[PDB]
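Enquirer:
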Amino acid sequence: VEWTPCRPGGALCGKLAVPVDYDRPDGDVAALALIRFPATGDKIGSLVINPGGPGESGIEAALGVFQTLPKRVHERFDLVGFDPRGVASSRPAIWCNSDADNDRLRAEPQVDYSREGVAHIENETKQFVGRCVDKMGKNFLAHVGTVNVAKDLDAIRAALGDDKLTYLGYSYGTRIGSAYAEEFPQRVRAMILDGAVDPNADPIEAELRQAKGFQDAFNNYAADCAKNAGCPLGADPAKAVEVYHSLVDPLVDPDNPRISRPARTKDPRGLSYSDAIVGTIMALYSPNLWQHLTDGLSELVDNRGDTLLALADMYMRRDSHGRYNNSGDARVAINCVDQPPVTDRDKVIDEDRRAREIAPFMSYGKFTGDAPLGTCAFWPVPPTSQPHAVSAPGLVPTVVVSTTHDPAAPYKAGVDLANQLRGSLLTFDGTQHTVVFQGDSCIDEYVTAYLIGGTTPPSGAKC
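Here the sequence shown stands for residues 20 to 26, 35 to 490, where the numbers follow mature numbering (1 follows the signal peptide of the UniProt record, and there is no 0).
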């Protein structure tokens, strides 16, 4: 990789060629984008980070992480972000939906699970898959999966001149981590895994624990808001779910679930039911966003929807010109090859029955007896990984950071990953998804000590 300056730091940029298919070593080729912020002091190596998703840009994440990086880390490490194969600035980039395709889905309330509703959703799904194949070809899609990003990560390690990898992964970046740990355990100098994915989980039970996580975060958000003057969910947090629904339900036509009655916004779209749910979910990733959820709900009281719409736009990555980045398309293409899809209708139907009970804030109306299959049930290329316990006996001690009321990656999944990896579990008491290098000096101190001196937190460490 030959480096060159960028388009906000002392940043350098470059690309790295990797083979699309590691079994056809000089067939089709992909170019991974990389960003590098040079160390200011005595350089141990490169700190490579990944923000998760999947589909989220590691380059953009390095730019954010740069501002909140502790001084000692910035001294001792080159901070490095990369865009995984198929993501953001990497070529070729996964593209399925036009900007108009995405807007058209988001205008639908998406709550009709009658047989006609399910059939409509599954038709939309088939057309999406068709568009992915038409724009990407089956070969590239076959190989965007995590098992191949781990291989790219080793090529990135070498390209950067590091003997052993120093790695921080958030969320899905955790799955990149444990996959790299299994294929290249002798190249791991150090590894922090914040907001963990347990690679051994059943797909459906993990989704239901995730639904429970968001419902618990909602409960926490509502209890907090209940102490505050003018709470749009009312002063009784046991009635918050009902009050929430009195606010979002009218966004759907009560006699015909397929008809949206969007809340008025200054934007021409207005706020559909589905965007109201998505904006709420976005807000529950962090208490930093609870003020916005409160504003957006206050707006709904007046039949207005601007803040919830901007919250959903943040989640979907739609900028102010109506253009989407590719994170949405990429997320799906990657998830669909990372494990066997659930194709059994009865399991999907029963998952829906339970989720309505576990997370009623997310659920509209009553169980109908039907539910749609996920996009992955229709994917034309097969899974290139499968659930299993992480086994990497020779691996250096690692740190798994896990937040007690993390909605997206529940506490217990971090515990289980730490067990499998036989590394240290660092606990953060809070209701947010991830926490490393995001303000908290106690967490950042443990992580700094581990990154430089190799020192792990003691058993039962809390922050």
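We put the beta carbon where it would ideally sit given N, CA and C, even for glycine.
Should residue 56 go down as buried or exposed, given a rule of 16 or more other Cβ atoms within 10 Å for buried?
Expert: Sequence index remark: in the sequence shown, residue 56 carries index 29 (1-based). By the neighbour-count rule (16 or more Cβ atoms within 10 Å), residue 56 is not buried but exposed.
Enquirer: Report yes if the C-beta distance between residue 274 and residue 288 is below 9 Å; otherwise report no.
Expert: As a working note, residue 274 is residue 247 in the sequence shown. As a working note, residue 288 is residue 261 in the sequence shown. No.
Enquirer: For residue 221, which of helix, strand or coil comes out of DSSP?
Expert: As a position in the sequence shown, residue 221 is number 194, starting the count at 1. In this structure, residue 221 counts as strand in the three-state DSSP scheme.
Enquirer: How about the region 236-243 and the region 208-216: do they share at least three Cβ pairs that are nearer than 8 Å?
Expert: Counting Cβ pairs under 8 Å, fewer than three are found: no touch.
Enquirer: Can you give the Cα-Cα distance for residue 198 and residue 461, rounded to whole angstroms?
Expert: For this step, residue 198 is matched to residue 171 along the sequence shown. For this step, residue 461 is matched to residue 434 along the sequence shown. C-alpha separation (whole angstroms): 8 Å.
Enquirer: Could you pull the start and end residues of the beta strand (DSSP E) that residue 312 belongs to?
Expert: Residue mapping note: residue 312 aligns to position 285 of the sequence shown, counting from 1. Element bounds for residue 312: n/a, residue is neither H nor E.
Enquirer: Using CA atoms only, rank isn't needed, just tell me which of 53, 455, 43 is closest to residue 185.
Expert: Taking the sequence shown and counting its residues from 1, one reaches residue 185 at position 158. For residue 185, the nearest C-alpha among the options comes from 43.
Enquirer: Just to confirm the assignment, what range does the beta strand (DSSP E) spanning residue 426 have?
Expert: Walking along the sequence shown from the start, residue 426 turns up at place 399. Per DSSP, residue 426 belongs to the beta strand (DSSP E) from 426-430.
Enquirer: For the alpha helix (DSSP H) that residue 197 lies in, which residues bound it at each end?
Expert: Counting from 1 along the sequence shown, the entry for residue 197 is found at position 170. Here residue 197 belongs to no alpha helix (DSSP H); instead the beta strand (DSSP E) covers 192-197.
Enquirer: Quick check: the region 248-255 against the region 436-454, are at least 3 beta-carbon pairs closer than 8 Å?
Expert: At 8 Å Cβ cutoff, the stretches do not touch.
Enquirer: Looking only at C-alpha atoms, which of 93, 78, 39, 100 sits nearest to residue 475?
Expert: Start at 1 with the first residue of the sequence shown, and residue 475 comes out as number 448. Answer by Cα proximity: 100.
Enquirer: Using a Cβ-Cβ cut-off of 7 Å (strictly less than) and excluding sequence neighbours within five positions of residue 404, which residues of its own chain qualify?
Expert: In the sequence shown, counting from the first residue as 1, residue 404 sits at position 377. Contacts found: 368, 369, 370.
Enquirer: Locate the alpha helix (DSSP H) running through residue 383, then write down its first and last residues.
Expert: Here residue 383 corresponds to residue number 356 of the sequence shown, with the count starting at 1. It spans 372-385 - the alpha helix (DSSP H) in which residue 383 sits, taken as one unbroken run.
Enquirer: On the three-state DSSP scale, how would you describe residue 271?
Expert: As a first step, residue 271 is located in the sequence shown; it is residue number 244 there, counting from the start. In this structure, residue 271 counts as helix in the three-state DSSP scheme.
Enquirer: Can you give the beta carbon distance from residue 169 to residue 359, rounded, assuming they're within the 8 Å contact cut?
Expert: Looking up residue 169 in the sequence shown gives position 142. Looking up residue 359 in the sequence shown gives position 332. Their Cβ separation, rounded to whole angstroms, is 15 Å, which puts residue 169 and residue 359 out of contact at 8 Å.
Enquirer: Specify, as a first and last residue, the run of the alpha helix (DSSP H) that residue 75 falls within.
Expert: Counted from its first residue, the sequence shown places residue 75 at position 48. Element bounds for residue 75: not the alpha helix (DSSP H) but the beta strand (DSSP E), 72-77.
Enquirer: Out of 354, 311, 385, state which residue places its alpha-carbon closest to the alpha-carbon of residue 335.
Expert: Residue 335 sits at position 308 when you count from the first residue of the sequence shown. Ranking the options by Cα distance to residue 335, first place goes to 311.
Enquirer: Kindly indicate which residue of 473, 223, 112 has the alpha-carbon position closest to the one of residue 482.
Expert: Position 455 of the sequence shown, counted from the first residue, corresponds to residue 482. It is 473.
Enquirer: Do you know offhand how far residue 452's Cα is from residue 490's?
Expert: Numbered from 1 along the sequence shown, position 425 holds the residue referred to as residue 452. Numbered from 1 along the sequence shown, position 463 holds the residue referred to as residue 490. So the alpha carbons of these two residues sit roughly 12 Å apart.
Enquirer: Starting from residue 451 and walking both ways along the alpha helix (DSSP H), at which residues does that stretch end?
Expert: Here residue 451 corresponds to residue number 424 of the sequence shown, with the count starting at 1. Where residue 451 is concerned, there is no enclosing alpha helix (DSSP H), although the beta strand (DSSP E) it sits in stretches over 451-455.
Enquirer: According to DSSP, is residue 62 helix, strand or coil?
Expert: As a working mapping, residue 62 is identified with position 35 in the sequence shown. Residue 62 falls in the strand class under three-state DSSP.
Enquirer: May I have the straight-line CA-CA distance separating residue 28 from residue 121, to the nearest angstrom?
Expert: For residue 28, nothing is modelled; it lies in the interval where the chain passes from 26 to 35 with no residues in between.
Enquirer: Compare the beta carbon distance of residue 267 and residue 306 with 9 Å and say whether it is the shorter of the two.
Expert: Position 240 of the sequence shown, counted from the start, is the residue given in the question as residue 267. Position 279 of the sequence shown, counted from the start, is the residue given in the question as residue 306. No. Outside cutoff.
Enquirer: Could you check what DSSP says for residue 331 in three-state terms: helix, strand or coil?
Expert: The residue labelled residue 331 in the question sits at position 304 within the sequence shown. Three-state DSSP puts residue 331 in a strand.
Enquirer: If you follow the beta strand (DSSP E) that residue 107 is in, where does it begin and where does it stop?
Expert: As a position in the sequence shown, residue 107 is number 80, starting the count at 1. Its beta strand (DSSP E) spans residues 104-109.
Enquirer: Can you tell me the Cβ-Cβ gap for residue 291 and residue 332, rounded? I've got them flagged as a contact below 8 Å.
Expert: Position 264 of the sequence shown, counting from 1, holds the residue named residue 291. Position 305 of the sequence shown, counting from 1, holds the residue named residue 332. Right, their Cβ atoms sit about 7 Å apart.
Enquirer: By Cβ distance, which residues of its chain are closer than 8 Å to residue 67, with the 5 residues on each side in sequence left out?
Expert: Reading the sequence shown from its first residue, position 40 is the one you call residue 67. 101, 102.
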